[PDB]
Peer 1: 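The structure's right below; bear with me while I get my questions together.
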Amino acid sequence: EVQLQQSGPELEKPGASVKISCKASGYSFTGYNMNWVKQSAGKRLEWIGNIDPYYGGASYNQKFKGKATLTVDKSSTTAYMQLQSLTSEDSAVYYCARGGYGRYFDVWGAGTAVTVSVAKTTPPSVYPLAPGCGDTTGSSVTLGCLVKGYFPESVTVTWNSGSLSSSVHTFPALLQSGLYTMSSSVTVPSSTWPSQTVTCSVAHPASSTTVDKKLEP
Amino acid sequence: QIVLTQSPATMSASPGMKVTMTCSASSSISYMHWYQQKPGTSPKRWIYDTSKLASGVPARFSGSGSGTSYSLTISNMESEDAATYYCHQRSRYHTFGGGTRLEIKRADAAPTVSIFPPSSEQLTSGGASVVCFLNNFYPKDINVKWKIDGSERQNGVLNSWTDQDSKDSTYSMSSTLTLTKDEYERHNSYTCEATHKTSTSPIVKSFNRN
């Protein structure tokens with residue numbers, strides 16, 4: 001059936017450019033306009049522009065004039081979007097979407113992540129989060145690991161090799177000054193920590209890093 | 001040009017309930033389109049040309065509206081309907097609404113608040129993050145204030161929220177105050193203070209270095 005296959009995640013430095021693609025299949029390519037949509041993390045959809053593959057005309061959201069350039073390639077029935085002079089504002093997921101009759105978007109690509117950072121691949125610093133002296137006043141104790149200063153996404157954080165999952169929270173990473181920070185929490189009965197050992201295992205595939213950190217009282 | 005407004009941005013409902021969400025336009029439009037989106041997925045065409053259902057959309061969904069006011073309704077909500085819904089119109093331009101996320105309704109629940117001093121490992125690096133977890137609360141609205149020696153501290157704070165939990169429908173949040181090691185060591189008392197509708201008093205969670 002009809003599919004739009006988008007290119008993989010992009011990582012680029014401020015001021016650079018990126019060109020992402022959207023390969024269409026299953027239909028007469030020139031019969032539908034192709035639209036591009038931006039979505040910043042946890043935010044709304046924003047229309048960037050569209051292109052008519054038959055006559056080649058492109059129309060732009062005025063905000064993206066000078067930022068986005070749309071083209072098509074009929075040798076590969078692919079739609080392209082180039083983003084120039086990248087800034088942190090450009091880190092987002094970008095969707096291509098097929099328009100019908102200039103009205104609705106009936107087929108969407110999977111989206112392409114673009115992340116802008118001056119950082120190269122960088123392994124995380126992994127810090128234990130243990131309560132201060134005297135803090136554990138009741139029946140539970142919450143522990144955590146702070147996973148800081150890594151690039152790019154993603155990391156996984158596992159507690160006691162996955163045995164403690166039902167009380168675990170994984171907090172979405174935040175990008176600051178080109179590096180990511182995330183945290184994870186776990187709660188166990190206070191009668192089991194620190195009398196027993198709790199370890200967070202942090203994996204960061206991009207840097208080939210695995211860190212096991214024991215939580216100390 | 002035409003501005004689409006979706007309010008509320010978050011809507012609560014329980015399985016079985018009728019649900020109606022609204023999208024209003026700054027000027028009259030001819031059709032409204034709606035997309036459903038879930039975390040990690042692309043938007044999907046859901047309702048188009050105001051009232052037409054895309055293939056594979058359950059009949060419990062319907063669309064209506066005219067002029068400057070349009071709506072998407074679920075006759076009897078299912079759990080799988082919890083998602084974000086975006087309206088979309090085209091006149092001179094394609095424009096989108098800000099989205100309405102339908103969440104699963106549950107009873108209120110006060111957060112469990114935990115605070116953590118900087119680890120010795122971090123301190124050896126010249127840095128100092130103080131971390132507060134506020135876990136398993138409902139509804140999602142919550143305010144966290146950091147205080148250092150009783151005085152509110154606003155710069156250097158970063159906050160992260162989880163998505164609504166699959167199993168208990170609550171929310172959780174992490175808040176981190178990052179200082180230099182020298183600034184951290186200059187003060188004794190660190191406080192994570194939270195306000196949530198489950199109590200008229202702020203939840204105070206502190207540690208004293210001495």
Side-chain angles (χ1 to χ4, degrees), chain A residues 4 6 35 37 39 42-50 59-62 93 95 97 99-111 125-135 140-144 146 148-149 166-167 169-174 176 181-185 187 213 216, chain B residues 6 9 30-35 37 39 41-45 47-49 52 54 84 86 88-90 93-99 112-122 125 127 129 131 133 135-136 158-163 165 167 172-176 178 190 205-209:
Chain A
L4 303 177
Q6 289 188 245
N35 292 260
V37 170
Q39 184 171 48
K43 296 189 190 165
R44 72 187 69 202
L45 302 179
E46 192 168 25
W47 182 72
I48 295 169
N50 61 15
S59 303
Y60 295 88
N61 179 339
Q62 191 76 25
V93 173
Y95 298 101
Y101 314 97
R103 294 203 301 277
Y104 50 80
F105 298 163
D106 63 350
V107 179
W108 292 68
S125 313
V126 173
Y127 300 130
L129 301 179
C133 185
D135 186 76
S140 73
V141 57
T142 297
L143 305 166
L146 180 62
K148 189 170 190 290
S166 75
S167 80
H169 295 289
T170 305
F171 299 94
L174 307 172
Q176 215 80 8
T181 299
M182 63 82 70
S183 56
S184 177
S185 72
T187 304
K213 208 67 152 199
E216 299 292 350
Chain B
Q6 294 179 256
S30 296
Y31 301 101
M32 191 75 82
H33 317 295
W34 301 79
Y35 309 93
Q37 189 176 34
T41 83
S42 82
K44 301 184 198 295
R45 183 177 64 152
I47 305 286
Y48 62 102
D49 287 354
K52 301 183 189 301
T84 301
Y86 293 98
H88 163 217
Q89 72 81 41
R90 184 240 175 98
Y93 303 107
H94 287 286
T95 68
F96 290 102
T112 294
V113 183
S114 301
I115 194 176
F116 304 87
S119 62
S120 42
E121 290 102 316
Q122 189 179 17
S125 184
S129 295
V131 175
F133 295 132
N135 289 342
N136 298 96
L158 291 176
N159 292 323
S160 181
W161 291 263
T162 62
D163 290 335
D165 186 85
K167 294 177 300 301
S172 296
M173 172 195 180
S174 172
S175 185
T176 303
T178 304
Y190 289 82
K205 188 59 184 175
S206 310
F207 67 88
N208 286 13
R209 286 174 62 235

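Throughout, a chain's letter reflects where its sequence line sits, starting with A, and its residues are numbered from 1. Computed over heavy atoms, backbone and side chain alike; hydrogens, waters and symmetry mates excluded.
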Peer 1: For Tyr86(B), which atoms come within 4.5 Å of any heavy atom of chain A: side chain, backbone, both, or neither?
Peer 2: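 For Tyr86(B), the contact with chain A is made by the side chain alone.
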
Peer 1: Using heavy-atom distances under 4.5 Å, tell me whether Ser184(A) contacts chain B through its side chain, its backbone, both, or neither.
Peer 2: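 Only the backbone of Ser184(A) comes within 4.5 Å of chain B.
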
Peer 1: For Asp163(B), is it the side chain, the backbone, both or neither that has a heavy atom under 4.5 Å from a heavy atom of chain A?
Peer 2: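 Neither part.
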
Peer 1: So which residue, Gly134(A), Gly42(A), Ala130(A), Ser125(A), ends up with the most heavy-atom pairs under 4.5 Å with chain B?
Peer 2: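 Highest number of pairs under 4.5 Å: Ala130(A).
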
Peer 1: For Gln37(B), which atoms come within 4.5 Å of any heavy atom of chain A: side chain, backbone, both, or neither?
Peer 2: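 When you check distances to chain A, only side chain atoms of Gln37(B) fall under 4.5 Å.
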
Peer 1: Do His169(A) and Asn136(B) make a side-chain contact, defined as non-hydrogen atoms from C-beta onward lying under 4.5 Å apart?
Peer 2: yes

Peer 1: Would you give the length of the straight line joining atom CG of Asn159(B) to atom OG1 of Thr176(B), rounded to the nearest 0.5 angstrom?
Peer 2: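 OG1 of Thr176(B) is found 8.0 Å from CG of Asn159(B).
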
Peer 1: Would you name the heavy atoms of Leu158(B) and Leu174(A) that are closest together and state the gap between them?
Peer 2: CB-CD1, 3.8 Å

Peer 1: Which atoms of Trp34(B) come close to chain A, meaning under 4.5 Å heavy atom to heavy atom: side chain ones, backbone ones, both, or neither?
Peer 2: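 Contact with chain A is absent: no heavy atom of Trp34(B) under 4.5 Å.
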
Peer 1: Pick one of side chain, backbone, both or neither for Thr142(A), based on which atoms fall under 4.5 Å of a heavy atom in chain B.
Peer 2: both

Peer 1: Do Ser185(A) and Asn135(B) have side chains that get closer than 4.5 Å, going by heavy atoms?
Peer 2: yes

Peer 1: Short question: side chain of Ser129(B), backbone of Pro118(B) - any donor-acceptor pair under 3.5 Å?
Peer 2: no

Peer 1: Test side-chain contact (heavy atoms from CB on, under 4.5 Å) on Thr181(A) and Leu146(A); report intermediate values, then the result.
Peer 2: CA-CA 7 Å; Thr181(A) 299; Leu146(A) 180 62; 3.7 Å; yes

Peer 1: Non-hydrogen atoms of chain A under 4.5 Å away: do they reach the side chain of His94(B), the backbone, both or neither?
Peer 2: both

Peer 1: Specify which of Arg90(B), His33(B), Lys205(B), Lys167(B) makes the most heavy-atom pairs with chain A at under 4.5 Å.
Peer 2: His33(B)

Peer 1: Which region of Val37(A), side chain (C-beta onward) or backbone (N, CA, C, O), has a non-hydrogen atom less than 4.5 Å from a non-hydrogen atom of chain B, or is it both or neither?
Peer 2: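 Contact with chain B: side chain only.
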
Peer 1: Not counting sequence neighbours, which residues clear side-chain hydrogen bond (donor to acceptor under 3.5 Å, both in side chains) with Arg44(A)? List them please.
Peer 2: none

Peer 1: With respect to chain B, which residue among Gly102(A), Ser183(A), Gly144(A), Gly132(A) yields the maximal number of heavy-atom pairs within a distance under 4.5 Å?
Peer 2: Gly102(A)

Peer 1: Is chain B contacted by the side chain of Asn61(A), its backbone, both, or neither, given a heavy-atom distance below 4.5 Å?
Peer 2: neither

Peer 1: Less than 4.5 Å to any heavy atom of chain A: does that hold for the side chain of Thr95(B), its backbone, both, or neither?
Peer 2: neither

Peer 1: Under 4.5 Å heavy-atom distance to chain A, tell me which part of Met173(B) shows up: side chain, backbone, both or neither.
Peer 2: backbone

Peer 1: At a 4.5 Å cut-off on heavy atoms, which part of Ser206(B) comes close to chain A: side chain, backbone, both, or neither?
Peer 2: backbone

Peer 1: Counting heavy-atom pairs under 4.5 Å with chain A, which one of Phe207(B), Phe96(B), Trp161(B), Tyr93(B) comes out on top?
Peer 2: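 Going by pairs under 4.5 Å, I would pick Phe96(B).
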
Peer 1: Show, in sequence, the C-alpha distance, side-chain angles and deciding distance for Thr162(B) and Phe171(A), and conclude whether the side-chain contact (heavy atoms from CB on, under 4.5 Å) test is met.
Peer 2: CA-CA 6 Å; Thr162(B) 62; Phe171(A) 299 94; 3.6 Å; yes

Peer 1: When you compare the side chain of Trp47(A) with that of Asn35(A), does any pair of heavy atoms fall below 4.5 Å?
Peer 2: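 Touching, per the 4.5 Å side-chain cut-off.
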
Peer 1: Would you say the ring centroid of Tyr48(B) lies under 6.0 angstrom from that of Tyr31(B)?
Peer 2: no

Peer 1: Non-hydrogen atoms of chain B under 4.5 Å away: do they reach the side chain of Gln62(A), the backbone, both or neither?
Peer 2: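 Neither part; nothing is under 4.5 Å.
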
Peer 1: Could you tell me which portion of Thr170(A) (side chain, backbone, both or neither) has an atom closer than 4.5 angstrom to a non-hydrogen atom of chain B?
Peer 2: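 Only the backbone of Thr170(A) comes within 4.5 Å of chain B.
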
Peer 1: Who are the side-chain hydrogen bond (donor to acceptor under 3.5 Å, both in side chains) partners of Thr84(B), not counting sequence neighbours?
Peer 2: none

Peer 1: If you count heavy-atom pairs within less than 4.5 Å of chain B, which of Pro131(A), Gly100(A), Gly111(A) leads?
Peer 2: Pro131(A)

Peer 1: With only heavy atoms counted, which part of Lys43(A) is less than 4.5 Å from chain B, the side chain, the backbone, both or neither?
Peer 2: backbone

Peer 1: Are any of the side-chain heavy atoms of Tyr35(B) and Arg45(B) separated by less than 4.5 Å?
Peer 2: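 Yes, at least one pair of side-chain atoms sits under 4.5 Å.
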
Peer 1: Where do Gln39(A) and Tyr95(A) land on the side-chain contact (heavy atoms from CB on, under 4.5 Å) test, with the steps shown first?
Peer 2: CA-CA 8 Å; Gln39(A) 184 171 48; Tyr95(A) 298 101; 3.4 Å; yes

Peer 1: Could you have a look at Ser172(B), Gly97(B), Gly99(B), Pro117(B) and say which one has the most heavy-atom pairs with chain A under 4.5 angstrom?
Peer 2: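 Between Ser172(B), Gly97(B), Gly99(B), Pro117(B), the count favours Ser172(B).
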
